[PDB]
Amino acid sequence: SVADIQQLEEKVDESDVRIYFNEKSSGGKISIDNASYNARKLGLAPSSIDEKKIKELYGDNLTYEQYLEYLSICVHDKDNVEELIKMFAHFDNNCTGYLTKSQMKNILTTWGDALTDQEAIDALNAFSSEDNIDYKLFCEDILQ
């Protein structure tokens, strides 16, 4: 291969990668949506950038090897909690270390790969019972 697939298969288990493919494949191919689902089951976090890259190379349906290349793009070794915290800190106008659930929802649903309102609120409610969200703790949590 050309992609860093050996390093992927040291982080994730090849058996799981293969089993999840077989769960979702049709005619020996997997849709991008199901590839992204599998990536998430494996603990990876694809964005729209990752999906669009692979779609532009190979279309909406991936062969096994193309799916492996997609998974390699999803690894994101450079993910860094401080960069995520600083993103939310930008909106912390009063410098309290908290953002309300509504504030967090607005951020998450307005820019980037926008979540739906229900997705955002469900994620926030899963993390905290209270309205003030410690966004440092939230970022530390979501990376795990």
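Only the largest set of C-alpha atoms that superpose within 1.5 Å between the two forms is called the rigid core. Numbers follow the displayed sequence, beginning with 1.
Relative to the displayed structure, the C-alphas of 80-88 lie farther away on average in 6 other deposited structures of this protein than those of the other candidate, with 60-68 and 80-88 compared after rigid core superposition. Of 90-98 and 43-51, the stretch whose C-alpha atoms sit farther from the shown form in 6 other deposited structures of this protein, after fitting on the rigid core, is 90-98. Here the stretch with the larger average CA B-factor, out of 42-50 and 114-122, is 114-122.
A summary of the deposited B-factors shows that, of 60-68 and 93-101, the stretch with the larger mean C-alpha value is 93-101. Per the deposited record, the Cα B-factor of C139 falls in the lowest third when ranked against the other modelled residues of its chain.
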